[PDB]
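J.: Attaching a single structure in structure tokens format; questions to follow.
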Protein chains: 2
Amino acid sequence: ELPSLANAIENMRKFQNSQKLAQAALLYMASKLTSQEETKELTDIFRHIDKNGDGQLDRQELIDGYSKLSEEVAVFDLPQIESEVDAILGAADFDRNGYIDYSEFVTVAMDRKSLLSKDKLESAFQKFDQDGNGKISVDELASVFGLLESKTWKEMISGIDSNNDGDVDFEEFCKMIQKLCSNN
Amino acid sequence: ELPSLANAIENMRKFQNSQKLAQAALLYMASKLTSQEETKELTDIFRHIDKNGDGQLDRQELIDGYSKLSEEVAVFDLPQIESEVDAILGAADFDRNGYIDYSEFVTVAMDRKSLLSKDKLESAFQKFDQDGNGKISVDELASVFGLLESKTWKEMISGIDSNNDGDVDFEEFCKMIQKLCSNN
Ligand SMILES: [Ca+2]
Ligand SMILES: [Ca+2]
Ligand SMILES: [Ca+2]
Ligand SMILES: [Ca+2]
Ligand SMILES: [Ca+2]
Ligand SMILES: [Ca+2]
Ligand SMILES: [Ca+2]
Ligand SMILES: [Ca+2]
């Protein structure tokens, strides 16, 4: 009935679902392929901000602990700290639950040089490619997420499956994470 | 202190602010450069969904009026209609107030062939280019939005100011709307 409205919803779903897939792969790499030595500084920062020690950073902890993320802040700077905190939550809170867990914190804060090492990209790919055939398929994706509808599937791989063959090979997986991590 | 976290916040701001600028230009074109004859079908649909006649579509009106956006729906289909409505609101509710006003509805639903005509692109550009020098500047942007900080300014024009000269010329304005409207 309204093609521009149907295209608008589909474009947004394609963007949302392709970002969700790239975020899940990056979060796997950051939380499961990293060592304690390589995230020591992040851990000390996270532990200092996590006052109640519950393993998550709430909005109030992020406000009070802002100085550890940066340098001292002024007493009258609360409106801007609050604004800064909302941007941190916007950039790092992947599951939108209003908390930054350890995995989300390492994903956004870790040095890309160590997070994006070739060996981590290879191990991440090999975790998704369950049958080891060199391509990530629908069923392998469904299993990884603990579940897939054809339309939901096509939108996750939108702008990732560059050659459009319904699978994600190592070069397309590598480019997916690059697109997600790029400062351009 | 944490360069990947500072880059993550900046990348998100660049994306958010560049989308906000492109959306404001498209909404100007859809609501101010269009005729009643060219939006007649959209108007009849909007008026049919707007039951209380208040000029806006709330979430309940969108649910009840789903059939006008598409074809009859099944009695047990409410969970999916609700899901479909949330995607419409996600794609069309620009000011995030929880309502689709007439301007937002025309912006997402109008045929791109008539919305993206050369004359509408020229008139939209000429509205932003106040001094008529062939480029849209900071001050012209600030005036248009009814207000600009240097950082906020650089992020709005990020991925729009292709040649990086601090201004938006007609070719970069044309490409900005294309990027926003593209199904790729
Ligand atoms: Ca905590
Ligand atoms: Ca979270
Ligand atoms: Ca496989
Ligand atoms: Ca492929
Ligand atoms: Ca209404
Ligand atoms: Ca709205
Ligand atoms: Ca000008
Ligand atoms: Ca320019």
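Just remember, in the structure tokens the first chain shown is A, the second B, etc., residues are 1-based per chain, and ligands are 1-based in the order shown.
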Could you tell me, counting only C-alpha atoms and all ligand atoms, which protein and nucleic acid residues lie no more than 7 Å from ligand 3, written as a PyMOL selection string?
T.: chain A and resi 129-137+140
J.: To check your reading of the model: which residues sit at most 8 Å from ligand 5 when counting only C-alpha atoms and all ligand atoms? Write the answer as a PyMOL selection string.
T.: chain B and resi 49-58+61
J.: Based on only C-alpha atoms, which of the residues in chain B come within 9 Å of chain A? I want them as a VMD selection string.
T.: chain B and resid 1 to 13 42 68 to 71 84 87 to 88 90 to 92 105 108 to 112 158 to 159 181 to 184
J.: Kindly work out which residues sit at most 7 Å from ligand 4, using only C-alpha atoms and all ligand atoms, and give the list as number ranges by chain.
T.: A: 161-169, 172
J.: Could the residues in this selection be saved with N, CA and C atoms as a short mmCIF file (atom, residue, chain, number, x, y, z; two decimals), in the first residue's frame?
T.:
```
data_model
loop_
_atom_site.label_atom_id
_atom_site.label_comp_id
_atom_site.auth_asym_id
_atom_site.auth_seq_id
_atom_site.Cartn_x
_atom_site.Cartn_y
_atom_site.Cartn_z
N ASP A 161 27.29 -9.57 3.67
CA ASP A 161 27.38 -10.54 2.59
C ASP A 161 27.54 -9.70 1.30
N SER A 162 28.77 -9.18 1.09
CA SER A 162 29.16 -8.30 -0.02
C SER A 162 28.88 -8.91 -1.39
N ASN A 163 29.21 -10.21 -1.60
CA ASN A 163 29.00 -10.91 -2.87
C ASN A 163 27.58 -11.49 -3.03
N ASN A 164 26.73 -11.35 -1.99
CA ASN A 164 25.34 -11.81 -1.95
C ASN A 164 25.14 -13.32 -2.30
N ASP A 165 25.72 -14.23 -1.48
CA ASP A 165 25.60 -15.70 -1.66
C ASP A 165 24.93 -16.41 -0.46
N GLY A 166 24.42 -15.61 0.48
CA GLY A 166 23.74 -16.07 1.68
C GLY A 166 24.64 -16.59 2.79
N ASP A 167 25.96 -16.42 2.68
CA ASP A 167 26.93 -16.85 3.69
C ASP A 167 27.96 -15.76 3.95
N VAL A 168 28.60 -15.79 5.13
CA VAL A 168 29.65 -14.84 5.51
C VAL A 168 30.99 -15.57 5.56
N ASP A 169 31.88 -15.29 4.60
CA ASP A 169 33.22 -15.89 4.57
C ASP A 169 34.17 -15.03 5.44
N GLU A 172 34.56 -11.29 4.41
CA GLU A 172 33.36 -10.49 4.69
C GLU A 172 33.18 -10.30 6.20
#
```
J.: List as an NGL selection string the protein and nucleic acid residues near residue 25 in chain A, meaning an atom at most 9 Å away when only C-alpha atoms are counted, but skip any in the same chain fewer than 5 places from it.
T.: :A and (20 or 30 or 124-125 or 128 or 177)
J.: Would you save the residues of that selection, restricted to N, CA and C atoms, as a PDB file, in the first residue's frame?
T.:
```pdb
ATOM      1  N   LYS A  20      23.585  -5.348  15.204  1.00  0.00           N
ATOM      2  CA  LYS A  20      23.440  -6.357  16.253  1.00  0.00           C
ATOM      3  C   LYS A  20      24.370  -7.554  15.999  1.00  0.00           C
ATOM      4  N   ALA A  30      36.002  -9.390  22.513  1.00  0.00           N
ATOM      5  CA  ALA A  30      36.421  -8.591  23.665  1.00  0.00           C
ATOM      6  C   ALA A  30      36.303  -9.319  24.987  1.00  0.00           C
ATOM      7  N   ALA A 124      37.460 -15.754  16.336  1.00  0.00           N
ATOM      8  CA  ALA A 124      36.063 -15.315  16.354  1.00  0.00           C
ATOM      9  C   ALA A 124      35.303 -15.949  15.204  1.00  0.00           C
ATOM     10  N   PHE A 125      35.893 -15.930  13.986  1.00  0.00           N
ATOM     11  CA  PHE A 125      35.307 -16.526  12.784  1.00  0.00           C
ATOM     12  C   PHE A 125      35.095 -18.024  12.967  1.00  0.00           C
ATOM     13  N   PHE A 128      32.030 -18.893  15.058  1.00  0.00           N
ATOM     14  CA  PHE A 128      30.754 -18.789  14.329  1.00  0.00           C
ATOM     15  C   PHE A 128      30.617 -19.900  13.261  1.00  0.00           C
ATOM     16  N   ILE A 177      33.552  -6.171  10.861  1.00  0.00           N
ATOM     17  CA  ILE A 177      34.108  -5.622  12.104  1.00  0.00           C
ATOM     18  C   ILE A 177      34.813  -4.277  11.852  1.00  0.00           C
TER      19      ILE A 177
END
```
J.: Please check which protein, DNA or RNA residues sit within 7 Å of ligand 2, counting only C-alpha atoms and all ligand atoms, and write them as a ChimeraX atom specification.
T.: /A:93-101,104
J.: Output the selection as a PDB file, in the first residue's frame - N, CA and C atoms for each residue.
T.:
```
ATOM      1  N   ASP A  93      25.903   0.585  25.785  1.00  0.00           N
ATOM      2  CA  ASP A  93      24.865  -0.305  26.300  1.00  0.00           C
ATOM      3  C   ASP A  93      24.148  -1.061  25.166  1.00  0.00           C
ATOM      4  N   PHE A  94      24.744  -2.166  24.691  1.00  0.00           N
ATOM      5  CA  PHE A  94      24.222  -2.961  23.571  1.00  0.00           C
ATOM      6  C   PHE A  94      22.863  -3.596  23.781  1.00  0.00           C
ATOM      7  N   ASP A  95      22.612  -4.195  24.948  1.00  0.00           N
ATOM      8  CA  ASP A  95      21.346  -4.872  25.257  1.00  0.00           C
ATOM      9  C   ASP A  95      20.288  -3.917  25.813  1.00  0.00           C
ATOM     10  N   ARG A  96      20.599  -2.607  25.820  1.00  0.00           N
ATOM     11  CA  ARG A  96      19.741  -1.493  26.266  1.00  0.00           C
ATOM     12  C   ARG A  96      19.047  -1.690  27.617  1.00  0.00           C
ATOM     13  N   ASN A  97      19.717  -2.375  28.554  1.00  0.00           N
ATOM     14  CA  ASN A  97      19.152  -2.611  29.892  1.00  0.00           C
ATOM     15  C   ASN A  97      19.441  -1.481  30.904  1.00  0.00           C
ATOM     16  N   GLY A  98      20.139  -0.428  30.464  1.00  0.00           N
ATOM     17  CA  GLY A  98      20.494   0.709  31.310  1.00  0.00           C
ATOM     18  C   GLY A  98      21.724   0.516  32.182  1.00  0.00           C
ATOM     19  N   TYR A  99      22.524  -0.522  31.917  1.00  0.00           N
ATOM     20  CA  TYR A  99      23.771  -0.818  32.637  1.00  0.00           C
ATOM     21  C   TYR A  99      24.875  -1.162  31.637  1.00  0.00           C
ATOM     22  N   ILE A 100      26.129  -0.884  32.000  1.00  0.00           N
ATOM     23  CA  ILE A 100      27.277  -1.272  31.191  1.00  0.00           C
ATOM     24  C   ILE A 100      27.891  -2.444  31.925  1.00  0.00           C
ATOM     25  N   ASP A 101      27.765  -3.657  31.377  1.00  0.00           N
ATOM     26  CA  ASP A 101      28.387  -4.794  32.043  1.00  0.00           C
ATOM     27  C   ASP A 101      29.842  -4.828  31.607  1.00  0.00           C
ATOM     28  N   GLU A 104      30.557  -5.248  27.761  1.00  0.00           N
ATOM     29  CA  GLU A 104      30.235  -4.039  26.974  1.00  0.00           C
ATOM     30  C   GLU A 104      31.303  -2.992  27.161  1.00  0.00           C
TER      31      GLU A 104
END
```
J.: Which distance in Å separates CA of residue 66 in chain A and CA of residue 152 in chain B, to one decimal?
T.: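 Computing the Euclidean distance for CA of residue 66 in chain A and CA of residue 152 in chain B yields 21.4 Å.
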J.: DSSP on the backbone: what in range 7-153 of chain B comes out helix (DSSP H, G or I), as number ranges by chain?
T.: B: 7-32, 40-49, 59-64, 66-69, 75-92, 102-109, 112-115, 118-128, 138-144, 150-153
J.: To test your reading of the structure, identify every residue in range 7-166 of chain A that backbone DSSP assigns to strand (DSSP E), and report it as an mmCIF file with N, CA, C and O atoms, in the first residue's frame.
T.:
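This went into part_38.cif:
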```cif
data_model
loop_
_atom_site.group_PDB
_atom_site.id
_atom_site.type_symbol
_atom_site.label_atom_id
_atom_site.label_comp_id
_atom_site.auth_asym_id
_atom_site.auth_seq_id
_atom_site.Cartn_x
_atom_site.Cartn_y
_atom_site.Cartn_z
ATOM 1 N N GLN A 56 28.331 -4.535 37.249
ATOM 2 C CA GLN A 56 27.734 -3.682 36.225
ATOM 3 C C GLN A 56 27.835 -2.223 36.620
ATOM 4 O O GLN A 56 27.920 -1.928 37.811
ATOM 5 N N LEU A 57 27.862 -1.321 35.626
ATOM 6 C CA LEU A 57 27.950 0.119 35.890
ATOM 7 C C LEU A 57 26.613 0.762 35.648
ATOM 8 O O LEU A 57 26.138 0.782 34.514
ATOM 9 N N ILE A 100 26.129 -0.884 32.000
ATOM 10 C CA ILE A 100 27.277 -1.272 31.191
ATOM 11 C C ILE A 100 27.891 -2.444 31.925
ATOM 12 O O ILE A 100 28.431 -2.258 33.015
ATOM 13 N N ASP A 101 27.765 -3.657 31.377
ATOM 14 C CA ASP A 101 28.387 -4.794 32.043
ATOM 15 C C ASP A 101 29.842 -4.828 31.607
ATOM 16 O O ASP A 101 30.227 -4.001 30.770
ATOM 17 N N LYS A 135 32.599 -20.700 5.718
ATOM 18 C CA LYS A 135 31.504 -19.743 5.598
ATOM 19 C C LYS A 135 30.498 -19.824 6.758
ATOM 20 O O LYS A 135 30.197 -20.918 7.227
ATOM 21 N N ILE A 136 29.981 -18.672 7.228
ATOM 22 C CA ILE A 136 28.992 -18.675 8.315
ATOM 23 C C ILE A 136 27.626 -18.646 7.669
ATOM 24 O O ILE A 136 27.340 -17.729 6.891
#
```
J.: From the options B:123, B:150, B:103, B:117, which residue's atoms come nearest to ligand 6, counting only C-alpha atoms and all ligand atoms?
T.: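 With only C-alpha atoms and all ligand atoms as the atom set, the closest residue is B:103.
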J.: Report, in Å with one decimal, the straight-line distance from CA of residue 72 in chain B to CA of residue 113 in chain B.
T.: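 For CA of residue 72 in chain B relative to CA of residue 113 in chain B, the distance reads 28.3 Å.
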